[PDB]
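Below is one structure; the comments refer to it alone.
In what follows, chains carry the letters A, B, and so on, assigned in the order in which the sequence lines appear, proteins first and then strands, with residues in each chain numbered from 1.
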Amino acid sequence: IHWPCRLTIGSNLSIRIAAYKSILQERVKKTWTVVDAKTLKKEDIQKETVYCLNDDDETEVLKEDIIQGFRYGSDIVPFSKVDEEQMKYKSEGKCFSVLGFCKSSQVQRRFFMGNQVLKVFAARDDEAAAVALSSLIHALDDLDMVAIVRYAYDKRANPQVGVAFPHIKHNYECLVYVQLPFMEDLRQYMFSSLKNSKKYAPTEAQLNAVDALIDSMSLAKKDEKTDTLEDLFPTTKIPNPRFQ
Amino acid sequence: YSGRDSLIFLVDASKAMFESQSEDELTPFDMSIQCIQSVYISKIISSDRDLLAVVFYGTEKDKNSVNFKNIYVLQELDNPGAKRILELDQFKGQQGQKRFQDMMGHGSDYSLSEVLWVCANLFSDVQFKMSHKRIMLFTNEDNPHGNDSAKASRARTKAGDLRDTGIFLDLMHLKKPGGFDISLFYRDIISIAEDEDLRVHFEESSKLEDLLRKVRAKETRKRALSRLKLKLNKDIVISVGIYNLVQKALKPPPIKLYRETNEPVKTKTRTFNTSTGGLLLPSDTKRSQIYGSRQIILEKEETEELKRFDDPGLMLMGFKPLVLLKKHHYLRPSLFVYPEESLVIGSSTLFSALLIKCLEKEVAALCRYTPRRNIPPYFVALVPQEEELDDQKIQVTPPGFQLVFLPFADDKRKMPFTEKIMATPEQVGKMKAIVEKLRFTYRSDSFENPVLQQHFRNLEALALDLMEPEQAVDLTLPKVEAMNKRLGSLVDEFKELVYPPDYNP
Amino acid sequence: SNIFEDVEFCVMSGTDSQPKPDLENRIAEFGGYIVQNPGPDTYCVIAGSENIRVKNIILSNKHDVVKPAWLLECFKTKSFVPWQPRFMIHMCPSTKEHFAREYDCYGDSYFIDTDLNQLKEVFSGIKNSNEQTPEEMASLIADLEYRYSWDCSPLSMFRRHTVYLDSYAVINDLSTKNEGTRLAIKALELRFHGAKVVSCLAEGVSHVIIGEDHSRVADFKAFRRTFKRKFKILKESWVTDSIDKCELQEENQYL
DNA sequence: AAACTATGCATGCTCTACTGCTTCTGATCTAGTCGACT
DNA sequence: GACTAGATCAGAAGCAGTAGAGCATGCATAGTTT
C-alpha cells in the first residue's frame, strides 16, 4: 500500500508524495498455538494473569485496583494512565517536513536507525508534483546533499528525525528515507587504538599473507568486456532459508 | 570503569557565605543548594545506581559517626531520591534559609582536617565497590585558617592522605566581595591544580555553570553484547566482541502499584486444563498450526529445532568491493566488532592486519552471522573503520569493524511502476537556490527525543510536587517562520515555474 | 466515635501547616479509610495546594477536590459537616448539579441567610469585571438607592444633585483651569459626598456653585436663559452647612 | 452522486520467555590471641 | 583447641537486548445503501 503525505519545505511550498516500504524484515505471520497434549484442542487450555501483594499471605487484588507508576530512583511515583495520556507529548499527525539540507558526507550509514527504509515518489497521476519532486531530487544530486526531515506516520506515531537522499535510476527516480539517531540513542564507548599499539603490531610477512588471502577470496570479478564488477555471491537475491 | 560513583558535597556554613554583595543575586549557600539539586536530578535520570552524600561543616549542631564538633552530615552516601531533593529544597528559599539557621546554626569554628576525616569515614562505610571517589567543596573562603598554622598543617596532612588513598577533591569556589585566591591555601589541597586557575577570581567558578546544566539521558557503561567467534576457517578462529554504539532509547517500563497503599504488586501467570483444573508445564503442551482444515502438531523442542542451522558466531565467506554495498540496503542498525583477546591469544594482531589490509584494498568482509543458538543465520558485511580523532586528541570513531546486515530477497518489496518526468534546467536551478538558502550543518546529537524529554519532565513534576512541568522545547520542529523569512520570493517563483495556476495543492 | 464509617479518603496535601502524615493518621484513627490514590470508590480528595496531581484531578471531572480546612473543621466538631462551595476546589457534574439547585453559581446560598463574613467571602469569590461604564454605573447605583429608599445615607446626599463649579475662567475649556484655593477643596468634598462634577457645562447640569468671584454671575444668568432647565447659583456656605448638619439644606437661603 | 459500513493495515504497547554480561553474596582456607595439656 | 578474624573463589540476582504473541486505534480505501 502507499502512504500519502505532503513534503513541505516551508509554510507555503508543498508537494504531494507517496511513501512505500522498500525494505522491511519479513516474519512468519502464522503463530504457534498452544493446545493440550492429549486432546490436541485449544479450548482445554487457559492462561490467567493474577496480581498479589509482596506478602506471605498473598493478598489478592482486582485488576481494577492497580495503578501505573514509574521508578524515580530509590522510590516509585504513581502515574495514572489517564494522567499519562493527558500529559504525554502531543503533535500533529502525518507530518513530513524538511527541517534542512546538509552535505551527504555529514550523514553516515553507521548512524542509520530504525527497522525500515522508505521510498518516496510523487503523487500518482500528478504532473506538477512529479515535476517538483524531480527538480528537488536533481538539485540535491547535483549539490551532493541530503534533506534532514521530520517524519510521523500518524498522531500516535512518535516523531522521528530522518535523512532523505536522492535515488536516480534510468527507470525511475525517487527519494530514499532512513531514520537517524537522537542524541539519547548514541553510546560513547572508548576503544584502545590499534594503529599505535606496539603489543599487537603485525609483521611484514603477516601482512603479505593477509593480502594474499584477501586477493584469493575476492567475491567480485572484473569483467573486461565492459570493465565492470560482477558479483559472484550476491546475498541480497538469496531467499531467507528459515521460511523454506 | 568498574564500580559506582561516590560524590560528597561539602557546603561551608560561615557568615560570609550567607551574605549577598549585590541585589538580585542569590546567596552562595542557595547557589550551592541549587547546584546540588541539579546534580541529584542528573544522577537520578542518567544513572540512579550512584551514591551521593551531603555534609555541612561550620554549623552549631553536630551529627557525625565519631561525634566531631561543628560538622553535620545531612545525608549519608546513598542512592539519590525525591526525598533528599525535597529535603535540600527545604533550605532553598529565604524561609528555608531561616529554617537552616534555626535547626543547624552558623558562625562557628571548624577544621578542614575534621571534615576531610569524616568524609573519609563516610567513604569507608560503603560496602559497594566504588569506581570513583570524589569530593566537592563549596566554599567562598580562601584563607580559613589564617589565625592558626597548626590547623593548616593538619589539613595539609589529611588532604595528602586522602590523595594517596585515591580520593579526588575539587574546590567549587563561589563569588566573594574581595576575591578568591586559590594559590593562597587551597592550592596544596586540590588533587589537580591547573596553571590557568592561578589568578584571583572575581566571579563564579566555571564548573558551576556546567553543574547547573541538567542532562536528561541514560548513560550506559561499556558492555559487550556478545563475545562471538570469527572463523576464517574450520581451524583458524578468533574471538571478537560485539557492541551497539547506537541503540534506541525507550522510557522506563511502567510498574504496577496497589492503589490503596501504593506498593509493588507481584504479577504471576498459570495455565491449567479447563476440565482437570491442574497446573501445566511447558513440557506438557504441544504447538498446533491450522492450515485450512489440516492440523499440524509439533513439540516445543521441535519448533526450536526448526530455526537451527549453525552454531552461534561469525563465519567468514569472502571479501567484496565496497562499491557493491548499497546505501539504501539498510535493514537493522549496524553493530561494532572489536577484538577481545581475553579468550584466544593472538587474535588482536590478526584483526589489526585484516583491518589495515581491508582499508588499503577497500574491501568489506562478508560473513554469516548467528547471534545466538536456535536463530536463523543472516548475511552481514564488516566494513573496516579507521580510528578518527578530532582536535585536542579526542576520539570520535573507534577502530574496528562495522557490521551491517544485508537484506534478504524476502525483505525487499517491489515498488509500483511509475513514469519518469525530467525537470527542466530552470526548475532545477530554482530548487538549487532554495536548497542553498536552507543550508545547515548536521551533527549526530543535534536533536532530542521530545517524547522521552516530556516523560522525564512529567515524572520530575510528579515526584517533586512542582506546580507545573516545565515545557520542553523540541528542536524537531521546522520553525517555518525563519525559513519563510529567509527564502523570500524563491517559493513563489518556483511555484509559478512548476505549479500551474489552476492546481490548488 | 466512628463518625466516618468505612469511607475512602485520598489526601494529596503538600506545602501546608499540617503535613500529610498527621492528616493520614487522624483519618485512620477516625474510623476512616486512607488511600494514597483515588479510585471509583473514593468520594472526595483533600488538597491544600494546587500541585500537578490536583490539576490533573480537576481536569478529569470525576472526583471532588476539598480543602484541608474541611477536615480540620470536621475534627473540631467531631461530626460530618455538609459541603460548601468554600471548601470545594472542584465540583463533579453530579455535585455541580446538586449545588446548582441549593446554592447560587457563586459561593452564596438561596435558603440559608448570609452574615458579614459570609458576604465577604461571597464578594471575594466574584472577580472584578469591566463591562460597566461610569455614567451607566452611576445611573444604576442611583436607581438602586431610590428603589430601596437609600437616600438617607450621609455620603449619598448629593446623589441626585449635579454641581458645576466656576473653576475655569472660560466655560467649556479645559486649558484654562484656575488655581483657586477654596473652590478646589469644595469641589473635591462635594464629589466625595456623592455629587457629580462635570468639567463641561452640558444640559444635564442642575446646580452651580460660585465663590467670591461675582464677575461671572451675569454670564451664568445669561447662559441659563437658553437652557431648557435653569440651574441655581448657590454660595459656598450651603455645602458647608449641609456637611455640618449631615443633611441637605434648602438652597433658598443660599441662592 | 453522496453517506454509511467493511476490510485492511500499520505502529506502539505489554508480557513472557530466552540468552549473555556484570556485580553481590555465601562457603572455605590461615594469623593471632587466649586457653588447655604433657 | 577454639574462635574470630581475614581473604578468596563459585553460585545467584539484576540488567540489557532480542524474538514471538496479542491488541489499541486511526487512517486509508473498496463496497453497499439512500
Side-chain angles (χ1 to χ4, degrees), chain A residues 1-5 18-21 24-34 42 47-51 63 66 68 71 81 84-85 88-89 92-95 114-116 118 124 151-160 179 185 187 242, chain B residues 1-4 47-49 126-131 218-229 241-256 266-271 281-283 285 287 289 300-301 303-304 306-307 311-313 332-333 335 340 342-343 369-376 378 405 413 451-452 455:
Chain A
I1 35 175
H2 79 126
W3 181 72
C5 202
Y20 307 83
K21 306 197 178 300
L24 189 131
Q25 199 162 348
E26 224 46 51
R27 309 182 180 287
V28 290
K29 299 317 170 309
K30 211 83 173 63
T31 51
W32 292 112
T33 287
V34 156
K42 181 190 47 179
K47 209 159 58 51
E48 217 206 49
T49 54
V50 191
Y51 314 91
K63 190 176 175 169
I66 280 196
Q68 196 190 250
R71 213 174 55 76
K81 291 205 84 83
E84 174 153 42
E85 292 298 322
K88 73 177 208 99
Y89 170 82
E92 316 312 328
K94 204 184 276 271
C95 58
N115 278 107
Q116 87 198 353
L118 284 180
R124 197 74 92 85
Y151 166 79
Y153 193 80
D154 61 356
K155 264 169 26 51
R156 276 164 39 69
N158 304 317
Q160 334 185 357
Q179 186 172 343
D185 303 348
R187 303 289 182 80
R242 78 182 289 166
Chain B
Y1 305 127
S2 87
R4 295 172 139 101
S47 88
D48 64 344
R49 93 200 301 272
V126 165
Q127 173 62 359
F128 310 100
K129 178 169 149 181
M130 292 165 278
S131 100
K218 199 161 176 1
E219 300 267 32
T220 300
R221 294 98 60 81
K222 187 162 131 183
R223 158 162 177 284
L225 286 177
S226 306
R227 274 151 50 210
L228 295 176
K229 229 157 196 145
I242 316 301
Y243 311 83
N244 50 353
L245 306 187
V246 65
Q247 184 66 31
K248 186 151 169 1
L250 325 168
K251 81 192 176 144
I255 298 159
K256 296 155 194 326
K266 214 156 145 296
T267 181
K268 50 233 294 164
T269 73
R270 50 167 61 89
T271 282
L281 301 320
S283 61
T285 279
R287 294 335 192 258
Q289 255 190 0
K300 207 196 177 342
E301 98 201 301
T303 58
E304 296 302 319
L306 295 177
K307 57 190 78 139
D311 319 70
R332 284 171 31 61
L335 290 161
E340 198 74 359
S342 147
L343 284 54
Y369 180 68
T370 307
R372 273 155 166 69
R373 284 191 321 81
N374 311 320
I375 288 281
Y378 221 82
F405 296 82
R413 309 254 273 276
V451 201
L452 263 163
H455 164 69

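The side chain of A/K94 has E/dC27 as its nearest neighbour among E/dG17, E/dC27, D/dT14.
In this structure, the side chain to side chain donor-acceptor pair (under 3.5 Å) partners of B/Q247, at least two apart in sequence or on a different chain, are B/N244. Partners of A/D154 according to the salt bridge (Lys or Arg N to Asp or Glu O under 4.0 Å) rule, which considers only residues two or more places apart in sequence or in another chain, do not exist here. Partners of B/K300 under the salt bridge (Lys or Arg N to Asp or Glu O under 4.0 Å) rule, at least two apart in sequence or in another chain, are B/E304. Partners of B/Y243 according to the ring-ring contact (aromatic ring centres under 6.0 Å, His included) rule, which considers only residues two or more places apart in sequence or in another chain, are A/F191. With sequence neighbours left out, A/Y89 forms a ring-ring contact (aromatic ring centres under 6.0 Å, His included) with no residue at all. Partners of B/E219 by salt bridge (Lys or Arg N to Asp or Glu O under 4.0 Å), not counting sequence neighbours: none found. When the side chain to side chain donor-acceptor pair (under 3.5 Å) test is applied to A/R124, no partner is found at least two apart in sequence or on another chain. Listed by chain and residue number, nothing satisfies the salt bridge (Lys or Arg N to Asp or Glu O under 4.0 Å) test with B/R287 (two or more places apart in sequence, or in another chain).
One finds a side-chain N or O of B/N244 lying less than 4.0 angstrom from the OP1 or OP2 phosphate oxygen of E/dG17.
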Legend entry - Intra- and interstrand pairs of DNA chain D - dot-bracket, Watson-Crick/G-U under 3.5 Å, | marks other strand: |||||||||||||||||||||||||||||.||||....
Between the protein and nucleotides 15-18 of chain D, are there any N/O to N/O pairs under 3.5 Å, and if so, what are the atom names and distances?
residue : atom : partner : partner atom : Å
D/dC15  : OP1  : B/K256  : NZ           : 2.7

What does the list of N/O pairs under 3.5 Å between the protein and nucleotides 20-22 of chain E look like, with a distance for each?
residue : atom : partner : partner atom : Å
E/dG20  : OP1  : A/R242  : NH2          : 2.6
E/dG20  : OP2  : A/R27   : NH1          : 3.4
E/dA21  : OP1  : A/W32   : N            : 2.9
E/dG22  : OP2  : A/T31   : OG1          : 2.9

Sort me out a list of protein N/O and nucleotides 22-25 of chain D N/O pairs below 3.5 Å, or just none if empty.
residue : atom : partner : partner atom : Å
D/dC24  : OP1  : B/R4    : NH1          : 3.0

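Backbone-only engagement by A/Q116 is indicated by non-hydrogen atom pairs under 4.0 Å involving sugar-phosphate atoms exclusively.
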